[PDB]
file target_36.cif (mmCIF, C-alpha atoms and all ligand atoms)
data_upload
loop_
_atom_site.label_atom_id
_atom_site.label_comp_id
_atom_site.auth_asym_id
_atom_site.auth_seq_id
_atom_site.Cartn_x
_atom_site.Cartn_y
_atom_site.Cartn_z
CA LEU T 735 0.50 8.60 -11.03
CA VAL T 736 -3.26 8.57 -11.53
CA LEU T 737 -3.92 6.01 -8.76
CA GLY T 738 -4.44 2.59 -10.20
CA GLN T 739 -3.48 3.65 -13.72
CA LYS T 740 0.15 2.62 -13.64
CA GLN T 741 2.38 0.64 -11.35
CA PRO T 742 3.97 2.93 -8.70
CA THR T 743 7.58 2.93 -7.58
CA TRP T 744 7.77 0.64 -4.55
CA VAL T 745 9.90 2.00 -1.70
CA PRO T 746 12.42 -0.78 -0.86
CA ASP T 747 11.94 -2.31 2.61
CA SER T 748 15.54 -1.29 3.35
CA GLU T 749 14.39 2.37 3.04
CA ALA T 750 11.23 2.02 5.14
CA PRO T 751 11.73 1.91 8.88
CA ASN T 752 8.18 3.14 9.81
CA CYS T 753 4.63 2.93 8.54
CA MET T 754 4.14 5.74 6.09
CA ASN T 755 0.67 6.47 7.46
CA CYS T 756 0.70 6.01 11.25
CA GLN T 757 4.48 6.20 11.91
CA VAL T 758 4.69 2.94 13.88
CA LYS T 759 8.12 1.32 13.73
CA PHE T 760 8.41 -1.97 11.83
CA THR T 761 9.62 -4.79 14.05
CA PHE T 762 10.10 -8.55 13.94
CA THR T 763 6.32 -9.00 14.15
CA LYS T 764 5.03 -5.64 12.89
CA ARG T 765 5.80 -6.27 9.26
CA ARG T 766 5.81 -4.25 6.08
CA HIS T 767 3.06 -4.17 3.44
CA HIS T 768 3.23 -2.20 0.23
CA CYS T 769 0.28 -0.37 -1.24
CA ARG T 770 -0.09 -1.45 -4.86
CA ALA T 771 -1.51 1.95 -5.77
CA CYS T 772 1.04 4.37 -4.26
CA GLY T 773 4.04 2.10 -3.59
CA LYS T 774 4.52 3.29 -0.01
CA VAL T 775 5.04 0.95 2.94
CA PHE T 776 2.54 0.42 5.74
CA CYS T 777 1.63 -1.65 8.73
CA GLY T 778 -1.24 -4.05 8.29
CA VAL T 779 -3.75 -1.82 10.11
CA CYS T 780 -3.02 0.95 7.59
CA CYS T 781 -2.97 -1.33 4.55
CA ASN T 782 -5.28 -4.32 4.67
CA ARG T 783 -8.06 -3.82 2.15
CA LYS T 784 -8.05 -4.65 -1.51
CA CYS T 785 -9.53 -2.94 -4.52
CA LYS T 786 -9.43 -3.46 -8.24
CA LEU T 787 -6.52 -1.63 -9.83
CA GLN T 788 -6.70 -0.91 -13.55
CA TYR T 789 -3.04 -1.61 -14.27
CA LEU T 790 -3.35 -5.10 -12.68
CA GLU T 791 -6.90 -5.84 -13.82
CA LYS T 792 -7.43 -7.52 -10.44
CA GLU T 793 -7.82 -6.84 -6.72
CA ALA T 794 -4.73 -5.81 -4.82
CA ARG T 795 -3.78 -4.52 -1.39
CA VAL T 796 -4.01 -0.76 -0.90
CA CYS T 797 -3.44 1.68 1.96
CA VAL T 798 -6.13 3.58 3.84
CA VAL T 799 -5.64 6.68 1.66
CA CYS T 800 -5.69 4.96 -1.70
CA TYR T 801 -8.61 2.71 -0.73
CA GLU T 802 -10.94 5.62 -0.10
CA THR T 803 -9.69 7.59 -3.05
CA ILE T 804 -10.06 4.64 -5.53
CA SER T 805 -13.21 2.97 -4.16
CA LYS T 806 -15.00 6.38 -4.54
CA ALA T 807 -13.66 6.78 -8.13
CA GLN T 808 -15.15 3.31 -8.84
ZN ZN T 901 0.29 2.10 10.17
ZN ZN T 902 -1.54 3.91 -1.15
#

call {"tool": "encode", "arguments": {"input": "target_36.cif", "output": "structure tokens", "more": "lines below"}}
Ligand SMILES: [Zn+2]
Ligand SMILES: [Zn+2]
result
Amino acid sequence: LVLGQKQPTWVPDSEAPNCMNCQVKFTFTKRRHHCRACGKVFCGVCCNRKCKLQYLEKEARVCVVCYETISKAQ
């Protein structure tokens, strides 16, 4: 994927026991969030900002990695 250019494969929650950035374990209250740019699964602290994604033509939640990568490209 060119980030933001096409919808990524979303990792199913059933296949995502830990934040794919910081490694924290998901729990009853530490819940899963997908990045709309890369499709990986994160805790809120690692995935809480939004940016405009071309394939959506609107703002969507992205992870720490994709945010910096895309917001610079914009
Ligand atoms: Zn995290
Ligand atoms: Zn991402």

call {"tool": "atom_distance", "arguments": {"input": "target_36.cif", "atom1": "CA of residue 782 in chain T", "atom2": "CA of residue 756 in chain T"}}
result
13.6 Å

call {"tool": "residues_near_ligand", "arguments": {"input": "target_36.cif", "ligand": "ligand ZN 902 (chain T)", "cutoff": "10 Å", "atoms": "all atoms listed in the file", "output": "PyMOL selection string"}}
result
chain T and resi 737-738+742+754-755+768-776+780-781+795-804

call {"tool": "closest_residue", "arguments": {"input": "target_36.cif", "among": "T:740, T:735, T:808, T:777", "to": "residue 752 in chain T", "atoms": "all atoms listed in the file"}}
result
T:777

call {"tool": "atom_distance", "arguments": {"input": "target_36.cif", "atom1": "CA of residue 788 in chain T", "atom2": "CA of residue 747 in chain T"}}
result
24.7 Å

call {"tool": "atom_distance", "arguments": {"input": "target_36.cif", "atom1": "CA of residue 757 in chain T", "atom2": "atom ZN of ligand ZN 901 (chain T)"}}
result
6.1 Å

call {"tool": "closest_residue", "arguments": {"input": "target_36.cif", "among": "T:741, T:766, T:785, T:791", "to": "residue 753 in chain T", "atoms": "all atoms listed in the file"}}
result
T:766

call {"tool": "closest_residue", "arguments": {"input": "target_36.cif", "among": "T:778, T:739, T:783, T:746", "to": "residue 758 in chain T", "atoms": "all atoms listed in the file"}}
result
T:778

call {"tool": "closest_residue", "arguments": {"input": "target_36.cif", "among": "T:767, T:749, T:787, T:792", "to": "residue 807 in chain T", "atoms": "all atoms listed in the file"}}
result
T:787

call {"tool": "axis_aligned_box", "arguments": {"input": "target_36.cif", "around": "range 781-784 of chain T", "padding_each_side": "4 Å", "output": "lines of an AutoDock Vina configuration file"}}
result
center_x = -5.5
center_y = -3.0
center_z = 1.6
size_x = 13.1
size_y = 11.3
size_z = 14.2

call {"tool": "decode", "arguments": {"input": "target_36.cif", "residues": "range 737-768 of chain T", "atoms": "N, CA, C and O atoms", "output": "mmCIF file, in the first residue's frame"}}
result
data_model
loop_
_atom_site.group_PDB
_atom_site.id
_atom_site.type_symbol
_atom_site.label_atom_id
_atom_site.label_comp_id
_atom_site.auth_asym_id
_atom_site.auth_seq_id
_atom_site.Cartn_x
_atom_site.Cartn_y
_atom_site.Cartn_z
ATOM 1 N N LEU T 737 0.436 4.575 1.609
ATOM 2 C CA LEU T 737 -0.438 4.865 2.746
ATOM 3 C C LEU T 737 -1.463 5.915 2.390
ATOM 4 O O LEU T 737 -1.119 7.000 1.888
ATOM 5 N N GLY T 738 -2.720 5.567 2.616
ATOM 6 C CA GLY T 738 -3.826 6.423 2.323
ATOM 7 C C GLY T 738 -4.411 6.232 0.950
ATOM 8 O O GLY T 738 -5.479 6.737 0.670
ATOM 9 N N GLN T 739 -3.702 5.505 0.078
ATOM 10 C CA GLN T 739 -4.134 5.364 -1.309
ATOM 11 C C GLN T 739 -5.185 4.290 -1.531
ATOM 12 O O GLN T 739 -6.008 4.400 -2.449
ATOM 13 N N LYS T 740 -5.146 3.246 -0.713
ATOM 14 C CA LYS T 740 -6.106 2.188 -0.793
ATOM 15 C C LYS T 740 -6.339 1.631 0.585
ATOM 16 O O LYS T 740 -5.490 1.727 1.487
ATOM 17 N N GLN T 741 -7.518 1.080 0.761
ATOM 18 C CA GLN T 741 -7.909 0.517 2.052
ATOM 19 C C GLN T 741 -6.961 -0.646 2.384
ATOM 20 O O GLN T 741 -6.765 -1.539 1.578
ATOM 21 N N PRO T 742 -6.399 -0.667 3.589
ATOM 22 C CA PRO T 742 -5.529 -1.789 3.987
ATOM 23 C C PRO T 742 -6.349 -3.001 4.420
ATOM 24 O O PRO T 742 -7.515 -2.840 4.764
ATOM 25 N N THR T 743 -5.716 -4.161 4.473
ATOM 26 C CA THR T 743 -6.255 -5.290 5.208
ATOM 27 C C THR T 743 -6.271 -4.979 6.681
ATOM 28 O O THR T 743 -5.243 -4.611 7.239
ATOM 29 N N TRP T 744 -7.421 -5.112 7.329
ATOM 30 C CA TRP T 744 -7.539 -4.961 8.771
ATOM 31 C C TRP T 744 -7.243 -6.287 9.444
ATOM 32 O O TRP T 744 -7.866 -7.298 9.142
ATOM 33 N N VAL T 745 -6.339 -6.297 10.410
ATOM 34 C CA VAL T 745 -6.104 -7.529 11.189
ATOM 35 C C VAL T 745 -7.336 -7.789 12.068
ATOM 36 O O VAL T 745 -7.693 -6.913 12.837
ATOM 37 N N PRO T 746 -7.951 -8.948 12.009
ATOM 38 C CA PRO T 746 -9.132 -9.166 12.884
ATOM 39 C C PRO T 746 -8.743 -9.090 14.345
ATOM 40 O O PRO T 746 -7.642 -9.508 14.752
ATOM 41 N N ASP T 747 -9.644 -8.559 15.184
ATOM 42 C CA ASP T 747 -9.399 -8.440 16.626
ATOM 43 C C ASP T 747 -9.033 -9.787 17.236
ATOM 44 O O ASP T 747 -8.181 -9.835 18.155
ATOM 45 N N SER T 748 -9.624 -10.864 16.745
ATOM 46 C CA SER T 748 -9.300 -12.210 17.190
ATOM 47 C C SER T 748 -7.854 -12.641 16.989
ATOM 48 O O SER T 748 -7.407 -13.609 17.615
ATOM 49 N N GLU T 749 -7.137 -11.939 16.104
ATOM 50 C CA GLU T 749 -5.713 -12.157 15.794
ATOM 51 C C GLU T 749 -4.795 -11.053 16.320
ATOM 52 O O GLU T 749 -3.710 -10.844 15.781
ATOM 53 N N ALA T 750 -5.198 -10.359 17.382
ATOM 54 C CA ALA T 750 -4.518 -9.130 17.778
ATOM 55 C C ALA T 750 -4.497 -8.984 19.276
ATOM 56 O O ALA T 750 -5.234 -8.135 19.801
ATOM 57 N N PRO T 751 -3.681 -9.781 19.975
ATOM 58 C CA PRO T 751 -3.692 -9.751 21.410
ATOM 59 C C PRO T 751 -2.996 -8.515 22.043
ATOM 60 O O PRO T 751 -3.231 -8.220 23.225
ATOM 61 N N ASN T 752 -2.118 -7.857 21.298
ATOM 62 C CA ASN T 752 -1.279 -6.765 21.814
ATOM 63 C C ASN T 752 -1.190 -5.616 20.839
ATOM 64 O O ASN T 752 -1.264 -5.788 19.607
ATOM 65 N N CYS T 753 -1.020 -4.415 21.356
ATOM 66 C CA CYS T 753 -0.800 -3.245 20.517
ATOM 67 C C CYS T 753 0.376 -3.473 19.624
ATOM 68 O O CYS T 753 1.461 -3.849 20.072
ATOM 69 N N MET T 754 0.190 -3.205 18.333
ATOM 70 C CA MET T 754 1.215 -3.475 17.347
ATOM 71 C C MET T 754 2.248 -2.378 17.249
ATOM 72 O O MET T 754 3.153 -2.461 16.395
ATOM 73 N N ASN T 755 2.172 -1.357 18.095
ATOM 74 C CA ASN T 755 3.274 -0.428 18.312
ATOM 75 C C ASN T 755 3.969 -0.684 19.644
ATOM 76 O O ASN T 755 5.163 -1.018 19.649
ATOM 77 N N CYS T 756 3.276 -0.531 20.754
ATOM 78 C CA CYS T 756 3.934 -0.509 22.075
ATOM 79 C C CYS T 756 3.925 -1.838 22.791
ATOM 80 O O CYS T 756 4.575 -1.942 23.838
ATOM 81 N N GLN T 757 3.238 -2.836 22.261
ATOM 82 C CA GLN T 757 3.196 -4.205 22.796
ATOM 83 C C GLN T 757 2.306 -4.400 24.021
ATOM 84 O O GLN T 757 2.201 -5.521 24.511
ATOM 85 N N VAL T 758 1.611 -3.376 24.485
ATOM 86 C CA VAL T 758 0.718 -3.564 25.628
ATOM 87 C C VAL T 758 -0.368 -4.591 25.299
ATOM 88 O O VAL T 758 -0.894 -4.613 24.189
ATOM 89 N N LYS T 759 -0.757 -5.387 26.270
ATOM 90 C CA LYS T 759 -1.804 -6.368 26.086
ATOM 91 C C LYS T 759 -3.175 -5.720 26.141
ATOM 92 O O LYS T 759 -3.478 -4.913 27.020
ATOM 93 N N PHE T 760 -4.042 -6.049 25.170
ATOM 94 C CA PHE T 760 -5.430 -5.598 25.220
ATOM 95 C C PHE T 760 -6.143 -6.298 26.347
ATOM 96 O O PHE T 760 -5.944 -7.514 26.593
ATOM 97 N N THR T 761 -6.985 -5.558 27.040
ATOM 98 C CA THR T 761 -7.719 -6.044 28.201
ATOM 99 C C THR T 761 -9.157 -5.538 28.122
ATOM 100 O O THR T 761 -9.547 -4.879 27.165
ATOM 101 N N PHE T 762 -9.942 -5.828 29.154
ATOM 102 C CA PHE T 762 -11.333 -5.409 29.191
ATOM 103 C C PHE T 762 -11.445 -3.921 28.982
ATOM 104 O O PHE T 762 -12.430 -3.458 28.372
ATOM 105 N N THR T 763 -10.525 -3.153 29.519
ATOM 106 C CA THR T 763 -10.584 -1.677 29.374
ATOM 107 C C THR T 763 -9.506 -1.104 28.445
ATOM 108 O O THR T 763 -9.697 0.028 27.967
ATOM 109 N N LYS T 764 -8.459 -1.829 28.129
ATOM 110 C CA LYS T 764 -7.498 -1.352 27.160
ATOM 111 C C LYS T 764 -7.880 -1.953 25.835
ATOM 112 O O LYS T 764 -7.519 -3.061 25.486
ATOM 113 N N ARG T 765 -8.694 -1.200 25.092
ATOM 114 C CA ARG T 765 -9.336 -1.732 23.890
ATOM 115 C C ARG T 765 -8.597 -1.442 22.604
ATOM 116 O O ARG T 765 -7.704 -0.603 22.505
ATOM 117 N N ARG T 766 -9.007 -2.182 21.601
ATOM 118 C CA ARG T 766 -8.402 -2.181 20.275
ATOM 119 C C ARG T 766 -8.903 -1.047 19.396
ATOM 120 O O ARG T 766 -10.091 -0.751 19.346
ATOM 121 N N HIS T 767 -7.996 -0.442 18.655
ATOM 122 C CA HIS T 767 -8.283 0.548 17.611
ATOM 123 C C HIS T 767 -7.514 0.232 16.365
ATOM 124 O O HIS T 767 -6.304 0.114 16.420
ATOM 125 N N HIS T 768 -8.173 0.168 15.226
ATOM 126 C CA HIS T 768 -7.452 -0.023 13.981
ATOM 127 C C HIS T 768 -7.002 1.294 13.362
ATOM 128 O O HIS T 768 -7.739 2.290 13.348
#
